Amino acid sequence: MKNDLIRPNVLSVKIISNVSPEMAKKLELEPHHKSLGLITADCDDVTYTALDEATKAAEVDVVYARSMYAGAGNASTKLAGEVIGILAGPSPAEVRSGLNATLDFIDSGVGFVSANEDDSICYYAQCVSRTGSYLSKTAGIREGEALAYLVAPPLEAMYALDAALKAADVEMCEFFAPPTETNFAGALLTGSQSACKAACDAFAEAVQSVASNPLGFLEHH
Amino acid sequence: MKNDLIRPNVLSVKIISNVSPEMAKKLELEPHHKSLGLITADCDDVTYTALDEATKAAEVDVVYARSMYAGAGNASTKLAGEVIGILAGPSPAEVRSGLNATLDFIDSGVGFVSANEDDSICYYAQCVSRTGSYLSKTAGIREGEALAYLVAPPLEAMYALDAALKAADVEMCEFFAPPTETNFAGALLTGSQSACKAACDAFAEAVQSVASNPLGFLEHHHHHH
Amino acid sequence: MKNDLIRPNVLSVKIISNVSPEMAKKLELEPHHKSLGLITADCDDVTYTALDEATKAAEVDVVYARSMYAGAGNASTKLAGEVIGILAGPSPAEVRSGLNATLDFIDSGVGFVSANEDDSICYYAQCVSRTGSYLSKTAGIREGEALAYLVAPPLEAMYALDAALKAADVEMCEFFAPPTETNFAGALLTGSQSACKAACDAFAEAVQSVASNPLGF
Ligand code: NA
Ligand code: NA
Ligand code: NA
């Protein structure tokens, strides 16, 4: 029902202890990337946020992070989910530490939230108070600056992004043009922690507004 | 069943007044674009045709038009359908007028056509007798010129496109290489109205022919294997 | 169940004779490509292997070969499957020969193998002893060289490629970065036929290992 958290789930986790040079080449790794941590889950944006959190907790870089076509509900195999993430670090111990931080964050209460009675519309509106080394780079901001991480289905996202931008003192960083692989859309916006939180609140409100009135457009503008 | 029209459905429609400069930039809008009309539906090519109609009815441009991966039957949320379209105009009034024209066209009786008993194969063979700004620009022809808008699943489409091109005095404008996001394929062909209709007729016939006998090759040529 | 072969199925086959100039141009055909053989199936990598085999069996080139988004189980129509392949040649006779060879190979016993009780995890580990003109190009290697053709779901594939590369003297020529259109991953590896076989065996074992213990790290 509306405002319920949709629980994200990790499906598989593995460590490669001493990456082969052939694999290092195709993943475009640097020489100090000796060990890899592999993870899949059924929620991509939560996992991306968690991978970024891991870079704050351990000496790991996010070296690979991609979503699956048509989302976790359409996975054809058990462990594909809708995301694969790869952390790289100097040793198995450090990669293990990073993976543990990733897992803890995924299970921490973050997640997409339902906008209606049967949870057929959902969105993500997460305030990242202090970015790690992954989301800061992707957003084009200094490490440690804040983001509003906003995701919703295509129309809801475009409508709600506009609402968030008008409501909150933030700047556009990365635009997720619809469709992403999972057929969602959204953006990373930056500003003060306060402004990012305001953007999240306005985004959530606007997505809920569309869910409650999906075809309505005739009112005075 | 075969030859049934598959009804297309609009899922969501909204307007953005005074688009933010941040969004205007990411959508690569013209400076005079001040308002946006957003629409989603469960059938992409009908919606694209409808958005083209909108550009004839009101002062709007189609500035965004994308299909969803694996089509409407695989949507994971209620309003995603398989298409998002965005109209841009100088005012909410114009965008409103454009959206109303889009909606009316989608519910005008157009749609994909079934090629078999359980509607598990379908195709689109629409003669656009008078293109608006959107499809004419997409096809590289003059506004008002005609198109054959031909869509089918990958193999049917390749087979039927060849049939359509042979049957009619038309020219290739845009090729939809398989897969599009929805795992279909096809093309926009241009020519006289009668030529575009002949291309549509031939395309439809060829798609139905494949649906009726997709593996006739096996008996005719793969015997004794 | 585990180690079961997942049968690959062909869904449609058609020929085009005297391809129209307009289609020839959009498909980037060569002047001698007058005829096309079209095929769809519910298993892309088996089909790609079969199309390559066809180039050794007939005077045909693989001119088009693409997978469908989200795989055959998510097809919205009956004949889309998860792959379309197009062979081109000088005559209907040659493209029919090429299609016949493609069909024979698809039915030869090759295919994805299940790694668990409900076949919810599967993989492809096929040694191609002698490449034809299609997989040699995609791999960026010399025609006639051997390949290991390795495919699995994303994490399993990354884990098992590591195991494969360590198991024998092979190079990774083409990386199928996750996701492919079907949400799988893997690679073409090359080396001696014996090394490629060793890589296939190591890949298969590693995928099975992950399936038996998905969360153990
Ligand atoms: Na603002
Ligand atoms: Na002609
Ligand atoms: Na599905």
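Assuming a viscosity of 1.002 mPa s and a temperature of 20 °C, what translational diffusion coefficient in µm² per second does Stokes-Einstein assign to the stretch B:142-205, Rh being the Kirkwood radius over Cα pairs?
Using the Kirkwood radius from Cα pairs, D works out to 188 µm²/s.
Measure off 7 Å from each Cα along the Cα-to-Cβ vector at A:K166 and B:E174, then give the distance between these two points in nanometres to one decimal.
3.1
Between Rg and the Kirkwood Rh of chain C, both from Cα atoms, what is the Rg to Rh ratio?
A ratio of 0.99.
From Cα pairs below 8 angstrom and at least 6 apart in sequence, can you work out the relative contact order of chain A, rounded to a whole percent?
Reported as a whole number, the value is 19 percent.
What order do you get for B:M158, A:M23 when you list them from fewest to most C-beta neighbours inside 10 Å?
With the fewest neighbours first, B:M158, A:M23 line up as A:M23, B:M158.
I'd like the Karplus ³J(HN,Hα) series for the stretch C:179-188: coefficients 6.51, -1.76, 1.60, θ = phi - 60°, whole numbers in Hz, and an x wherever there's a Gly or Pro.
For the stretch C:179-188, the Karplus curve yields x, 5, 4, 7, 6, 10, 7, x, 6, 9 Hz.
Enter the Cα centre distance for the pair the stretch C:166-212 and the stretch A:135-155, rounded to the nearest angstrom.
Answer, in whole Å: 35.
Just checking the output field for C:131-139: average partner chain Cβ neighbours within 10 Å of each residue's Cβ?
Mean inter-chain Cβ contacts per residue within 10 Å come to 0.
Going by how many other Cβ atoms sit within 10 Å of their own, how do A:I39, C:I121, C:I15 line up, fewest first?
Arranged by neighbour count, lowest to highest, A:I39, C:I121, C:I15 become C:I15, C:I121, A:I39.
Output wanted: per-residue J couplings in Hz (rounded whole) for the stretch B:152-164, from phi through Karplus 6.51 cos²θ - 1.76 cosθ + 1.60, θ = phi - 60°, x for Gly and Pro.
Along the stretch B:152-164, the couplings run 7, x, x, 6, 4, 4, 5, 4, 6, 5, 4, 4, 5 Hz.
So if I take the alpha carbon set of the stretch A:68-125, get Rg, then get Rh from the Kirkwood formula, what is the Rg over Rh ratio?
In the stretch A:68-125, Rg relative to Rh is 1.08.
Using modelled amide H (1.01 Å from N, peptide plane; none on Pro or chain starts), what sits under 5 Å from the amide H of A:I6, excluding residues fewer than 5 places away?
A:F112, A:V113, A:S114
For Cα pairs less than 8 Å apart in space and 6+ apart in sequence, what is the mean separation divided by the residue count of the stretch B:114-206, i.e. the relative contact order in percent?
Computed over the stretch B:114-206, the figure is 32 percent.
How big is the dipole moment of the protein assembly as shown about its Cα centre under a simple scheme where the beta carbon of each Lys and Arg is +1, that of each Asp and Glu is -1, and everything else is neutral? Debye, nearest 20, please.
That gives the protein assembly as shown a dipole magnitude of about 500 debye.
What ranking do B:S136, A:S194 get, fewest neighbouring Cβ atoms within 10 angstrom at the top?
With the sparsest Cβ surroundings first, the list reads A:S194, B:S136.
May I ask you to evaluate 6.51 cos²θ - 1.76 cosθ + 1.60, the Karplus curve with θ = phi - 60°, for each residue of the stretch C:192-197 and list the ³J(HN,Hα) values in order in whole Hz, giving x for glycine and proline?
So the J values, rounded to whole Hz, are 4, 4, 5, 5, 4, 4.
Extent of the stretch B:1-90 along each principal axis, from alpha carbon coordinates, in Å, largest to smallest?
Principal-axis extents of the Cα atoms in the stretch B:1-90, largest first: 48, 30, 17 Å.
Positions of Cβ are backbone-derived with ideal geometry, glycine not excepted, and every protein chain shown enters the neighbour counts. We did not get these values from a lab; they are worked out from the coordinates using the rules stated.
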